[PDB]
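Sequence lines set the chain letters: A, B, ... in the order given, protein chains first and strands last, and positions in each chain run from 1. As the structure lists them, so they are numbered: ligands from 1, and atoms in each ligand from 1.
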Amino acid sequence: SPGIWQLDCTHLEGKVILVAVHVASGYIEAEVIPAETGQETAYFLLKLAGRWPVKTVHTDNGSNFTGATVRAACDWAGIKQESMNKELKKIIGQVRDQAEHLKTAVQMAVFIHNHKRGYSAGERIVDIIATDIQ
Amino acid sequence: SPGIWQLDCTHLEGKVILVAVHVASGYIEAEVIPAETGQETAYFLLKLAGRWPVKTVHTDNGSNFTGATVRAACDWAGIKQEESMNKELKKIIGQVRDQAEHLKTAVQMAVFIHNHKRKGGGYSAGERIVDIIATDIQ
Ligand SMILES: Cn1nc(-c2cc(Br)c3c(c2)OCO3)cc1N
Ligand SMILES: Cn1nc(-c2cc(Br)c3c(c2)OCO3)cc1N
Ligand SMILES: [Cl-]
Ligand SMILES: [Cl-]
Ligand SMILES: [Mg+2]
C-alpha cells in the first residue's frame with residue numbers, strides 16, 4: 001500500500017536516529033535528531049510528508065507520539081497513525097571511518113541502501129507511487 | 001532531463017535556506033542550514049542524492065562549492081556540477097510563518113504545500129517527479 005510508512009528509532013554513539021521505511025519498497029529516509037522528543041518527531045514527520053505521499057505511519061506508539069505537537073503535525077499533514085534497520089546499522093558501520101560526524105555516516109548509509117541493486121528501493125518506490133497515480 | 005536539479009540559496013531572518021529544485025517537475029527539497037559553508041552544502045547534497053537520482057546539479061558556483069568537502073561529496077555520490085521558485089517558496093513561508101515558532105518548521109510546511117499543490121485535472125510537483133522518474137526507468 002503506497003502511502004504506508006513505518007517509523008522507528010535506533011540509537012548509536014549516544015545519539016538518536018529516526019528511520020522511516022516505505023513499507024512496500026524498502027526505501028528509507030533517516031536523520032540523526034538531537035533528542036527523541038515530540039517536537040523533533042513532529043518535525044521529522046512534517047519533512048517526510050512534504051517529500052512523499054504519506055497517508056499512514058506505523059510507529060512504536062511511545063512517549064514522543066503522545067503530545068500535542070506530533071498530533072498537530074500529523075493532523076495538519078493529513079497523516080494517520082495506525083530487516084532494513086540492522087542493515088542500516090551495518091552500512092553505517094562500513095562507512096563510519098570516512099565521516100567525522102555520525103550524521104554524515106547516516107546519510108551515506110541512506111544513499112547506499114536506497115541505490116543498492118533487479119531494482120533498487122529508490123526505483124521501487126517511484127514505480128509503486130507512479131502506478132498508484134494511474 | 002530526469003536527473004537534473006538546480007540548487008540555490010535564499011536568505012530569511014538572518015538564516016540560510018538551501019533550495020533544490022528538480023528542474024523538470026518543479027519538486028523541491030529545502031532546509032535551513034547553520035551556515036552557507038562547504039561542509040553544510042556537501043551534507044545537503046549527500047542527503048539529496050540519497051533520496052532521488054541526482055546526476056547533475058546546477059549551482060551558483062560560489063564560495064561554498066570551491067572546497068574539498070563539496071567536491072568529495074559530489075564525487076562520492078556520482079554528481080556532476082555542470083528566481084520565481086524561491087520567491088513563491090518565500091511567499092508560502094510568509095503565509096505560514098505565524099503558525100510555527102521556528103523558521104525551519106515554516107520552511108518545511110512551505111515545502112509540503114509547494115510539492116502537494118494541485119494547480120487544477122492537473123498534477124502536483126510530487127506527482128510529476130514520480131511520473132518523470134518512473135518513465136525514465138521503464
Ligand atoms: C540503481 N538506481 N537507483 C535509482 C533511483 C535511486 C533513488 Br535514491 C531514487 C529513485 C531512483 O527514485 C526515487 O529515489 C535509479 C537507478 N538506476
Ligand atoms: C496532489 N498529490 N500529490 C501527490 C504526491 C505528493 C508528493 Br509530496 C510526492 C508524490 C506524490 O511522489 C513523490 O512526492 C499525490 C497526490 N494526490
Ligand atoms: Cl520513535
Ligand atoms: Cl548556495
Ligand atoms: Mg543561489
Side-chain angles (χ1 to χ4, degrees), chain A residues 2-3 5-11 16-20 22 25-31 33 35-38 40-42 44-55 57-67 70 77-79 81 85 107-134, chain B residues 2-3 5 22 25-29 46-54 77-79 108-138:
Chain A
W5 294 71
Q6 181 152 317
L7 174 57
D8 282 299
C9 57
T10 198
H11 297 263
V16 42
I17 297 159
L18 290 188
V19 183
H22 178 255
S25 65
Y27 172 97
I28 290 170
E29 296 243 2
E31 295 274 8
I33 63 170
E36 191 176 321
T37 58
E40 295 294 317
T41 302
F44 183 92
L45 282 162
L46 174 65
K47 282 205 291 196
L48 181 70
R51 283 153 180 79
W52 292 100
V54 178
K55 292 191 259 278
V57 179
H58 296 305
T59 77
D60 62 36
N61 297 109
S63 62
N64 53 308
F65 298 102
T66 60
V70 174
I79 299 160
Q81 273 185 61
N85 191 295
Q107 302 307 332
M108 294 169 72
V110 169
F111 181 106
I112 291 155
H113 175 83
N114 284 345
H115 281 89
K116 214 94 154 279
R117 187 200 300 269
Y119 306 95
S120 62
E123 286 169 300
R124 291 197 292 272
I125 189 175
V126 297
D127 181 51
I128 289 165
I129 294 167
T131 302
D132 194 46
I133 292 161
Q134 275 257 287
Chain B
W5 293 72
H22 179 258
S25 65
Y27 171 97
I28 72 168
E29 298 244 0
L46 173 66
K47 279 191 82 185
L48 179 69
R51 282 156 180 77
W52 292 100
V54 175
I79 298 166
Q108 303 304 336
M109 295 166 75
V111 170
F112 180 106
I113 293 159
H114 174 74
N115 285 343
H116 281 87
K117 176 144 39 188
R118 265 221 206 256
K119 38 174 208 198
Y123 296 94
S124 64
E127 287 170 300
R128 285 196 297 274
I129 188 171
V130 160
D131 175 62
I132 292 166
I133 293 168
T135 304
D136 190 46
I137 288 158
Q138 89 189 31

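- Taking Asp132(A) as the reference, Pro2(A), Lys55(A) meet the side chain to side chain contact (heavy atoms under 4.5 Å, CB included) condition, with sequence neighbours excluded.
- One N or O on the side chain of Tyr27(A) and one on the backbone of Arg51(B) form a donor-acceptor pair closer than 3.5 Å.
- Using a 4.0 Å cut-off to heavy atoms of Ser124(B), the atoms of ligand 2 that qualify are 1 (C), 2 (N), 3 (N), 4 (C).
- The atoms of ligand 2 that sit less than 4.0 Å from any heavy atom of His116(B) are 1 (C), 8 (Br).
- Within 6.0 Å of OH in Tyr123(B) there are 12 or fewer heavy atoms belonging to other residues, nucleotides or ligands.
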Which N or O atoms of ligand 1 sit under 3.5 Å from a protein N or O, and how far apart is each pair?
{"unit_1": "ligand 1", "atom_1": "3 (N)", "unit_2": "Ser120(A)", "atom_2": "OG", "d": "2.9"}
{"unit_1": "ligand 1", "atom_1": "12 (O)", "unit_2": "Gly122(A)", "atom_2": "O", "d": "3.2"}
{"unit_1": "ligand 1", "atom_1": "14 (O)", "unit_2": "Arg51(B)", "atom_2": "O", "d": "2.9"}
{"unit_1": "ligand 1", "atom_1": "17 (N)", "unit_2": "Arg117(A)", "atom_2": "NH2", "d": "3.0"}

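- Formation of a donor-acceptor pair under 3.5 Å by the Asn114(A) side chain with backbone atoms of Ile28(A) is found in this model.
- For the pair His113(A) (side chain) and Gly26(A) (backbone), a donor-acceptor distance under 3.5 Å is present.
- Under the rule for a side chain to side chain contact (heavy atoms under 4.5 Å, CB included), the partners of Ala109(A) that lie at least two apart in sequence or sit in another chain are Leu88(A), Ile91(A), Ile92(A).
- For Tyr119(A), the side chain to side chain contact (heavy atoms under 4.5 Å, CB included) partners at least two apart in sequence or on another chain are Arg117(A), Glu123(A), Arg124(A).
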